[PDB]
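The structure appears below as structure tokens.
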Amino acid sequence: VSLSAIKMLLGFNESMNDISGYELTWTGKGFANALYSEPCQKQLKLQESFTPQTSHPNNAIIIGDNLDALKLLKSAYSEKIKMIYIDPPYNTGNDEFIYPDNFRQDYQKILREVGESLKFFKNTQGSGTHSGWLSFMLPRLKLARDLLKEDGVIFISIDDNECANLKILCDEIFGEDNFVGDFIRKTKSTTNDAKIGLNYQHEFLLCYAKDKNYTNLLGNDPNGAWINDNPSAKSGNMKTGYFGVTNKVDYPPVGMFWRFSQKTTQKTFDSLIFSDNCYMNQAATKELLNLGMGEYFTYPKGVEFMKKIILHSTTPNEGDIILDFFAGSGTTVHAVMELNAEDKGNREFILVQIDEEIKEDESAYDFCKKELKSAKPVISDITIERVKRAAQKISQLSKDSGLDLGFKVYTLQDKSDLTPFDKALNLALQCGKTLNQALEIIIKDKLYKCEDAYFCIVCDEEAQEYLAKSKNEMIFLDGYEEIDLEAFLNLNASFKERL
Amino acid sequence: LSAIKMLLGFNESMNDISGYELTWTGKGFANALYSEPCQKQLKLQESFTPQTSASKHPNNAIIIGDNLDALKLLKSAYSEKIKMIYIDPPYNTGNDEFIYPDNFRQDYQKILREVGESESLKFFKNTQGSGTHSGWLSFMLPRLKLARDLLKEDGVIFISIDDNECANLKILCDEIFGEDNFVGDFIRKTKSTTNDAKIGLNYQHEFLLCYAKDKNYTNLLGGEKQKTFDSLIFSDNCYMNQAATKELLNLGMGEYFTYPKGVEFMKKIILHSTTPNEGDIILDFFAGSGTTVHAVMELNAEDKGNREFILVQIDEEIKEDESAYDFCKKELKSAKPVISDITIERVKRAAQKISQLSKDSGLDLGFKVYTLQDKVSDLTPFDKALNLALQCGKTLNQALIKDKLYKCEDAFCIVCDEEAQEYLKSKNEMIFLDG
Ligand SMILES: Nc1ncnc2c1ncn2[C@@H]1O[C@H](C[C@@H](N)CC[C@H](N)C(=O)O)[C@@H](O)[C@H]1O
Ligand SMILES: Nc1ncnc2c1ncn2[C@@H]1O[C@H](C[C@@H](N)CC[C@H](N)C(=O)O)[C@@H](O)[C@H]1O
């Protein structure tokens with residue numbers, strides 16, 4: 001209710017955007033940055049442990065908003081992730097994007113400034129607009145950066161609708177100097193929307209380094225750091241590769257052929273490697289068709305595509321962790337497990353997928369109900385199932401039992417429906433221990449032990465105190481549980497911590 | 001410092017209502033320079049014709065000077081008239097870093113209407129020095145706005161660019177042409193194996209952005225407007241940098257321009273964005289080595305089309321350590337070696353070789369060189385009249401009483417006295433007069 005010569009205000013604002021400098025602004029950016037600093041409200045709850053009957057699994061799938069997962073993982077994975085890959089929602093005309101964080105309680109708590117005029121900003125931010133999509137991506141990218149090791153990188157798939165906004169957002173978050181580069185993937189051969197004579201047939205894969213100084217994307221008689229690698233690769237040397245090597249006849253693993261026959265070794269990541277017909281959308285569709293989940297996931301990425309990203313951004317034999325927090329059909333872990341089996345590596349993975357209702361009219365709905373024992377069909381149901389089937393089919397073909405296709409499923413509960421185990425695993429997470437660090441040994445529904453530290457939940461001076469007559473190891477108590485005085489004090493000295 | 005707390009806060013609150021926008025230092029002055037009246041006029045410098053076709057007036061033009069002043073000056077006659085623009089502006093890379101030039105102009109008069117040097121001005125030019133985005137965007141804005149004015153309803157603009165400024169460019173064109181009028185982007189493979197792979201990356205491509213004046217009226221098929229324009233067509237080895245440098249070598253100009261585009265690349269662009277027989281005009285106001293018009297000539301000569309071009313090229317002084325210096329000052333006998341010299345010699349050599357291969361009397365390979373003088377005194381009467389005709393809607397393609405009166409189509413005179421007074425026979429001509 002004021003005077004339309006507010007050009008005063010609009011002038012002062014614009015001149016201040018000049019003084020403030022180069023920056024991509026948009027409606028709601030201020031709150032998106034505040035959501036990033038809010039405490040974490042969630043806790044992990046164990047749900048399932050899948051093995052494929054071989055063996056505690058080094059891999060993990062978390063169900064929930066990736067905003068909550070990442071906040072939760074920060075307590076133990078700050079500067080621990082080797083690579084992040086995310087295929088987020090493009091903000092196309094077709095599947096157009098609604099800003100979800102409107103609804104979060106901590107966002108409405110963040111909106112304590114004024115719960116009236118808010119109607120105008122809702123329309124301005126809106127649906128299919130850039131403001132909503134960018135607000136959504138900001139806090140999650142910031143957290144993703146927090147989880148990267150210094151030699152870590154993040155890849156993000158994107159199309160024309162938000163490529164440029166994305167690149168500029170990542171510049172602001174990761175530092176423009178840490179832009180590694182962009183990869184082009186060919187998506188199709190012929191277009192069907194050739195309305196103006198253009199056959200638009202590609203998308204983008206942006207790569208940012210946490211610290212580009214440490215980035216590397218390459219692919220005598222005494223023992224040394226050579227440790228000769230696999231003599232077989234997934235190649236095309238059918239006849240000139242399937243043959244025979246104390247007597248024992250060695251033949252190459254099936255689906256793979258010998259690298260021999262009856263500086264010039266490193267490979268660079270080429271910015272156009274994915275412009276080849278191999279990485280088109282057709283390839284992914286046939287992959288999920290063949291897992292029987294083709295009715296249920298409409299736009300997966302492709303395995304050989306993901307396999308190459310992983311191969312260039314990770315090492316085979318150092319427990320590199322791969323995080324994908326926009327999982328979808330789980331193509332990333334299908335790639336990880338499949339590459340790990342090929343070079344006999346130990347890559348670990350963390351997957352995140354929100355649990356959004358599948359609508360009744362979708363084919364996956366009945367599949368979830370009937371085939372997947374599910375009360376309310378969620379997208380994570382078929383995420384998990386695709387991973388199961390891939391792990392199961394890799395397991396059948398691969399023989400190495402020192403090869404880990406299992407994972408554990410976790411959900412996110414708002415911070416008494418927690419097991420003692422959930423309570424203890426949450427305390428160990430809050431204490432630096434990670435999801436792969438051996439599912440802490442059980443000791444009597446009250447005390448648990450991870451790596452070489454114990455985690456105490458029902459500090460009733462049972463053998464709890466008598467076992468804790470073992471010195472030289474850190475003891476953590478859950479300070480939000482109930483706790484007996486005499487036991488606390490008798491546990492006298494100083495390598496103890498209540499949290 | 002406590003007062004700043006709401007200043008930066010009122011700003012955030014104002015940006016929320018302002019909405020989505022790419023901002024940078026000096027965008028406001030960049031938009032004001034667009035609106036400043038044109039300060040220059042044209043002076044004929046040369047007329048070239050390859051073979052004895054003797055087509056006294058070529059329909060093709062080359063303008064030496066600042067594309068900013070050029071487009072402002074073409075805006076009268078050539079508004080909504082250009083069919084396809086192509087520009088390969090400076091990329092603002094790390095080595096060939098880009099300095100903002102426009103703050104040596106009537107940007108001074110604009111800053112005089114503001115506060116003038118004065119302590120505040122030393123703040124804006126410091127935050128906008130050397131290879132910043134802000135200087136490059138401020139530079140690109142007014143010229144891109146003018147480029148839009150000249151495109152016709154069915155016009156498109158193509159802009160080459162690399163990773164340094166792609167995203168900034170895409171967002172700047174969205175604001176100028178409308179996001180809906182974004183056509184698509186094309187990918188050109190640049191090389192096979194890169195200079196140095198410091199981090200194991202082999203970065204081998206660049207971008208070609210396409211915007212339409214009005215995406216409703218655009219057609220990028222090949223014929224008379226069927227074969228589509230594939231967004232990955234230039235990812236083939238055929239369009240790498242080595243092709244282009246191979247062509248300058250073949251014209252004897254290998255040592256004289258550094259990173260030229262390639263003829264086969266520009267040809268396919270012209271083929272998809274223009275009809276062969278309709279007088280479509282191609283405008284390229286970052287001429288460089290003039291690959292663009294080499295391509296439209298070579299293309300007109302195969303399907304016998306009538307496309308016309310307009311080149312603009314700044315007359316930047318070449319320095320004595322660059323080999324083209326000795327070349328311009330002797331071979332081209334230029335008093336001052338400027339990049340436009342080698343622009344025009346490449347166009348000439350290509351017109352020659354194409355002429356010597358053609359058997360077509362009526363294929364137009366010549367052009368006129370115009371220069372841009374501030375005077376607004378060193379203008380011959382025909383130049384005085386050329387500007388007169390130019391501002392009344394007559395195109396440079398159109399040809400204009402012995403130093404007294406001129407007739408471009410059914411119309412102009414500089415000295416309006418006796419001889420012309422009786423010359424009023426051709427009643428109903430609506431002839432124009434100067435001031
Ligand atoms: N807040 C969120 N947290 C976690 N996942 C989300 C969230 N929002 C959307 N997603 C999911 O991220 C996925 C986006 C997909 N494009 C991912 C594709 C996946 N790479 C594939 O190959 O199928 C969808 O499954 C989304 O439901
Ligand atoms: N204000 C300006 N007005 C006209 N030309 C300019 C201006 N600034 C830079 N240029 C020139 O535009 C050209 C940019 C080049 N990259 C174009 C190369 C050209 N497409 C080729 O194939 O060789 C350079 O020759 C610049 O000197």
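What is reported rests on the model, the rules as stated and the sources as named; none is laboratory data. Every residue, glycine among them, receives a Cβ derived from its backbone with ideal geometry; neighbour counts consider all protein chains shown.
Flag not set for B:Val156, criterion: of a type in the set (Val, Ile, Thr) and in a loop (DSSP other than H, G, I, E, B). Looking across the stretch B:84-93 at every residue that is within 13 Å of ligand 2 (Cβ to nearest atom) and within 14 Å of chain A (Cβ to nearest Cβ), the one that is surrounded by the most Cβ atoms within 10 Å (Cβ to Cβ) is identified as B:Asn92.
Answer with yes or no whether B:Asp96 is acidic (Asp, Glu), within 16 Å of ligand 2 (Cβ to nearest atom) and surrounded by fewer than 14 Cβ atoms within 10 Å (Cβ to Cβ). Yes: the conditions hold for B:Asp96.
When B:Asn216 is tested against (1) assigned to a helix (DSSP H, G or I); (2) under 22 Å from the mean Cα position of the chain (by Cα); (3) away from ligand 2 (no atom under 16 Å from the Cβ), exactly one condition is not met: (2). Answer yes or no: is there a residue in the stretch B:243-258 that is facing another protein chain (nearest Cβ under 7 Å), surrounded by 18 or more Cβ atoms within 10 Å (Cβ to Cβ) and not in a loop (DSSP other than H, G, I, E, B). No - not one qualifying residue is present in the stretch B:243-258. Candidates are the residues of the stretch A:345-372 that are away from ligand 1 (no atom under 16 Å from the Cβ) and within 22 Å of the chain's Cα centre (by Cα); the one that is surrounded by the fewest Cβ atoms within 10 Å (Cβ to Cβ) is A:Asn346. Report, by residue number, each residue of the stretch A:209-242 that is more than 13 Å from chain B (Cβ to nearest Cβ) and among the hydroxyl-bearing types (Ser, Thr, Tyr). Across the stretch A:209-242, the qualifying residues are A:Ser232, A:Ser235, A:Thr240, A:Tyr242.
Look at the stretch B:88-116: where a residue is among the β-branched types (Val, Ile, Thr) and a partner is buried (at least 19 other Cβ atoms within 10 Å of the Cβ), sitting 6+ places away or on another chain with Cβ atoms under 6 Å, you get B:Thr93/B:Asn164.
The set of residues in the stretch B:108-146 being away from ligand 2 (no atom under 16 Å from the Cβ), in contact with a helix residue (DSSP H, G or I) (Cβ under 6 Å, 6 or more places away or on another chain) and either within 13 Å of chain A (Cβ to nearest Cβ) or part of a loop (DSSP other than H, G, I, E, B) (or both) consists of B:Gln128, B:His133. Cβ-Cβ contacts under 8 Å between residues 6 or more apart (or on different chains), taken from a first residue in the stretch A:247-261 that is more than 9 Å from A:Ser232 (Cα to Cα) to a second residue that is charged (D, E, K, R), are listed as A:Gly255/A:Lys234. Being more than 9 Å from every other protein chain (Cβ to nearest Cβ), surrounded by fewer than 22 Cβ atoms within 10 Å (Cβ to Cβ) and of a type outside the set (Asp, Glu) is the requirement here; does A:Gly175 meet it? Here the answer is yes, as A:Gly175 does meet what is asked. With the condition kept exactly as written, say whether any residue in the stretch A:394-417 is closer than 18 Å to A:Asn58 by Cα, not β-branched (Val, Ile, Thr) and not assigned by TED's automatic domain parsing to the domain that holds A:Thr285. No, because not a single residue in the stretch A:394-417 is closer than 18 Å to A:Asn58 by Cα, not β-branched (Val, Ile, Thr) and not assigned by TED's automatic domain parsing to the domain that holds A:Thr285.
Please report, ordered by residue number, the strands (runs of 3 or more DSSP E) entirely within the stretch A:381-495 with at least 3 residues that are under 22 Å from A:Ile350 (Cβ atoms).
Values: elements: A:407-414, A:441-443, A:447-450, A:453-456, A:475-477.
The strands (runs of 3 or more DSSP E) meeting that bar are A:407-414.
One residue stands out in the stretch B:210-231 among those that are buried (at least 20 other Cβ atoms within 10 Å of the Cβ) and aliphatic (A, V, I, L, M): the one that is farthest from B:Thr245 (Cα to Cα), namely B:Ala212. Residues of the stretch A:147-159 that are within 14 Å of chain B (Cβ to nearest Cβ) and away from ligand 1 (no atom under 16 Å from the Cβ): A:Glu150, A:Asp151, A:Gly152, A:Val153. Of all residues in the stretch A:240-282, exactly one satisfies the criterion of being among the basic types (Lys, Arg), under 38 Å from the mean Cα position of the chain (by Cα) and over 30 Å from A:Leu206 (Cα atoms), namely A:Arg259.
Scanning the stretch A:292-334 for residues that are more than 14 Å from ligand 1 (Cβ to nearest atom), part of a loop (DSSP other than H, G, I, E, B) and of a type in the set (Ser, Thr, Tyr), which turns out surrounded by the most Cβ atoms within 10 Å (Cβ to Cβ)? Taking the candidates together, the pick is A:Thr314. Of all the residues in the stretch A:178-208, those that are surrounded by fewer than 18 Cβ atoms within 10 Å (Cβ to Cβ) and of a type in the set (A, V, I, L, M, F, W, C) number 1. The set of residues in the stretch B:181-191 being more than 7 Å from every other protein chain (Cβ to nearest Cβ) and within 13 Å of B:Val156 (Cα to Cα) consists of B:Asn181, B:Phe182. When the strands (runs of 3 or more DSSP E) confined to the stretch B:1-79 are screened for residues that are within 14 Å of another protein chain (Cβ to nearest Cβ), those reaching at least 1 such residues are found at B:21-23. Taking the conditions exactly as written (within 23 Å of B:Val312 (Cβ to Cβ) and touching a strand residue (DSSP E or B) at 6+ places or on another chain (Cβ under 9 Å)), does B:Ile187 satisfy them or not? Spelling it out, it is not the case that B:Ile187 is within 23 Å of B:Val312 (Cβ to Cβ) and touching a strand residue (DSSP E or B) at 6+ places or on another chain (Cβ under 9 Å).
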